[PDB]
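Please read the structure below before turning to the comments.
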Amino acid sequence: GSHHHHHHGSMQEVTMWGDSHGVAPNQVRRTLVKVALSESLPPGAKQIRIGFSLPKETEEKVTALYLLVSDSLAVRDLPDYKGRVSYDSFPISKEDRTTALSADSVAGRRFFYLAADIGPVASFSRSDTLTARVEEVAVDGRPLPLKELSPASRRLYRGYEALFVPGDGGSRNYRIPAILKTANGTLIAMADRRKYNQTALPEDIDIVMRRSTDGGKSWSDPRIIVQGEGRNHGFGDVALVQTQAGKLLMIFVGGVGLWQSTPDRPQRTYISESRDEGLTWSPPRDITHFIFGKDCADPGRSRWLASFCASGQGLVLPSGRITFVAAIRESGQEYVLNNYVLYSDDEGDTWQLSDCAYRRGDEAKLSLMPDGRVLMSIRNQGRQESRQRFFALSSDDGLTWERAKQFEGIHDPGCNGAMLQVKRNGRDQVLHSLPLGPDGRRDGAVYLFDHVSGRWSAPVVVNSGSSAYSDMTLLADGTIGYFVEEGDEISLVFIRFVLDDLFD
Ligand SMILES: CC(=O)N[C@H]1[C@H]([C@H](O)[C@H](O)CO)O[C@@](O)(C(=O)O)C[C@@H]1O
Ligand SMILES: OC[C@H]1O[C@@H](O)[C@H](O)[C@@H](O)[C@H]1O
Numbered sequence: 035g036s037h038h039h040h041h042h043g044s045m046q047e048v049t050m051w052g053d054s055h056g057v058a059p060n061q062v063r064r065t066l067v068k069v070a071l072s073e074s075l076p077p078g079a080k081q082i083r084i085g086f087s088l089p090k091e092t093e094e095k096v097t098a099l100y101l102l103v104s105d106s107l108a109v110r111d112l113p114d115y116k117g118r119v120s121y122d123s124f125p126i127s128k129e130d131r132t133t134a135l136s137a138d139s140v141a142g143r144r145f146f147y148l149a150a151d152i153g154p155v156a157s158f159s160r161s162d163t164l165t166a167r168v169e170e171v172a173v174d175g176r177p178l179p180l181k182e183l184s185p186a187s188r189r190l191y192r193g194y195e196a197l198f199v200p201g202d203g204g205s206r207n208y209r210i211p212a213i214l215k216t217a218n219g220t221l222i223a224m225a226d227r228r229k230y231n232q233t234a235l236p237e238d239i240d241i242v243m244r245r246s247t248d249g250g251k252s253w254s255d256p257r258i259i260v261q262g263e264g265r266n267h268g269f270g271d272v273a274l275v276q277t278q279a280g281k282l283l284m285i286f287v288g289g290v291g292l293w294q295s296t297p298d299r300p301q302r303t304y305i306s307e308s309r310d311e312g313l314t315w316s317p318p319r320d321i322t323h324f325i326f327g328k329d330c331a332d333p334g335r336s337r338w339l340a341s342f343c344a345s346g347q348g349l350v351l352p353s354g355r356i357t358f359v360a361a362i363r364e365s366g367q368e369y370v371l372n373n374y375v376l377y378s379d380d381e382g383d384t385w386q387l388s389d390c391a392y393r394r395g396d397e398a399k400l401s402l403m404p405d406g407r408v409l410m411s412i413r414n415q416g417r418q419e420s421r422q423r424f425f426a427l428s429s430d431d432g433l434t435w436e437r438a439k440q441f442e443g444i445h446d447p448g449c450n451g452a453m454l455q456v457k458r459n460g461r462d463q464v465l466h467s468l469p470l471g472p473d474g475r476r477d478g479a480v481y482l483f484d485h486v487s488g489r490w491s492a493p494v495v496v497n498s499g500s501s502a503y504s505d506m507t508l509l510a511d512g513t514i515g516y517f518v519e520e521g522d523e524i525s526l527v528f529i530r531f532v533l534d535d536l537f538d
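The opening position of the sequence shown corresponds to residue 35 in our numbering, with each subsequent residue numbered one higher.
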């Protein structure tokens, strides 16, 4: 083996991880450091003592400390599992730097969490972070060597909440975030309820929703709004808009996998609408026949094989035209997709396709430029060219398109993300979310593109660690809501900040 293992007895081993998830004011029992024993305390043990450090700046930002003890080693803060992780909580005075528990209280468990209640105050700047470190773990007065696998650094954000966590509602997994703010200020968050594992269609998947009427301060209990009925009969990959008339529209796919779809046995595209801020939804309406396949009235598209609109949000233009970008498979001989805008000029009654917007594209998103042109951002699938994100422009409200290399300048490891058109210090800019990578789904970042100089900012990492799809919306009061896939086993996390918190 990699290490020498002695033969004079069993050797307890201690591992510790500092936490780097975001936090927000007033949150309860937030993990700062996690400690794992490799085996239970031995039967003759009487006490475990844990010594720790915590800088004054962090002490001033917390109201209470705790040692939590669990039989489970969890990725996220223990309250995020809503009781599915059982734990005991042992208070520590916030000024103390050591704590001890009897072996009987530990009751054979191996996992310890130095946790804190967060106070009401914060500056939210890049440097507004919380940290602690475990300095000693001693059993019956004998210290153990500690294996430190990560430092603690929890950034304070104006809002931070995991809205969908593995296990919630009985679903094993969650993926594929979509966020919408309505004109009345309601927030709708939807996701794939990946009930049996984290894999895509053709797995059996439901679509689930939560809604907030207070700007993300609190969220309704999750509701399954489309229920998968078995393998090859699931639904997922939601994108959302609100039409000019005010109805909410969700578009999604269901059925076999994208590469298994054929003209005669398609993976289908459906729409559903809500006229009451997301409280109720119409039965899914199949609109596949407007796009491709054996029921399509355009014979030039009746042999195309598959289509899916990119999850997250579409775009409703000032004219009222409703748009989403579809990525369409035109040939069964190649694993290649071409982008077309799927649009409706009659509030969703009928749907049409633009001319082709991008060859060898993938999930693509739209945003409205200051002058009325439409910018499209296209995922780079298959490490094409210089592994950069691709862009295109339309000046006819999405009907025709031309590649826009001047907008390129950020890496795309091959992942969905989102755009917001913003004004900052009097300058029109585009905010774009993507994982930084490089070449992996790590370090969820945002960048600003300055329209006038044609240059991208350095990235700002919002959520370090494993990070994948992201969606973003602008709230009424000027904050940005950023809804991201955090972790290798994904939770969908809603983070609220203003631009100056990240870029100033
Ligand atoms: C309908 C569908 O399959 N959507 C899936 C897409 C497409 O397969 C790729 O974008 C095609 O290249 O990719 C994911 O798997 C991914 O990369 O995390 C997630 C998503 O659920
Ligand atoms: O070092 C030994 C001593 O240390 C204590 O902390 C421990 O609980 C007892 O076993 C005692 O005998």
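Each residue gets a CB set at the ideal place from its N, CA and C atoms; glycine is no exception.
Item	Value
Distance between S501 and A196 (C-alpha atoms, nearest Å)	14 Å
Beta-bridge partners of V496, as assigned by DSSP	In DSSP, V496 forms no bridge with anything.
Reference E381, options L339, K399 and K281, closest by Cα	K281
Rounded separation between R244 and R144 - CA only	35 Å
Residues of its chain near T165, where Cβ-Cβ distance is below 8 Å and the 5 sequence neighbours each way are ignored	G52, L66, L88, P89, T92, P185, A186, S187 and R188
Residues near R299 by beta carbon distance below 8 Å, same chain, minus five either side	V290
For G312, the nearest candidate out of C343, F342 and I258 (CA to CA)	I258
Any 3 or more C-beta pairs closer than 8 Å across the region 171–181 and the region 218–237	no
Three-state secondary structure (DSSP) of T165	coil
The beta strand (DSSP E) enclosing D389, as first and last residue numbers	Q386 to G395
Cβ neighbour criterion (16 or more within 10 Å) applied to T233	exposed
As assigned by DSSP and simplified to three states, the class of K80	coil
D105 CB to nearest heavy atom of ligand 1 below 8 Å	no
Check: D138 C-beta below 8 Å from any heavy atom of ligand 2	no
Helix, strand or coil at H323 according to DSSP, with G and I counted as helix	helix
Distance cut-off 8 Å: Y208 Cβ against heavy atoms of ligand 1	no
Bounding residues of the alpha helix (DSSP H) (the contiguous stretch that carries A279)	Careful: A279 lies outside any alpha helix (DSSP H) and carries neither H nor E.
Whole-Å CB distance - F286 paired with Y304, under 8 Å assumed	6 Å
Simplified DSSP assignment, three categories, for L313	coil
Beta-carbon proximity list for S388, same chain, < 6 Å, skipping 5 on both sides	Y374, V375, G432 and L433
Under 9 Å between C-beta atoms of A172 and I241	no
For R192 and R63, the rounded distance between their alpha carbons	18 Å
Contact test: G268 Cβ vs ligand 2 heavy atom, cutoff 8 Å	no
Beta-carbon proximity of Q347 to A452, cut-off 9 Å	yes
Any non-hydrogen atom of ligand 1 within 8 Å of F342 CB	yes
Which residues DSSP lists as bridging residue 16, in chain order	What the structure shows of the chain is the stretch from 35 to 538, and residue 16 is not part of that stretch, so it cannot be assessed.
9 Å Cβ cutoff, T296 in contact with chain C	In the structure shown, chain C does not exist; there is a single protein chain.
Buried or exposed by the 16-neighbour rule on C-beta atoms within 10 Å, applied to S205	buried
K90, enclosing alpha helix (DSSP H) - first and last residue	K90 to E93
Proximity of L112 and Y121 at Cβ, strictly below 9 Å	yes
Touching by the beta-carbon criterion (3+ pairs, under 8 Å), the region 442–460 and the region 503–519	yes
Buried or exposed by the 16-neighbour rule on C-beta atoms within 10 Å, applied to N497	buried
Rounded distance between the beta-carbons of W338 and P404, thought under 8 Å	Between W338 and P404 the Cβ distance is about 35 Å, and since that is not below 8 Å, they are no contact.
Three-state secondary structure (DSSP) of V350	strand
Spatial distance of residue 548 from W435 (CA atoms)	Examination of residue 548 is not possible in this model, given that the chain is present from 35 through 538 alone.
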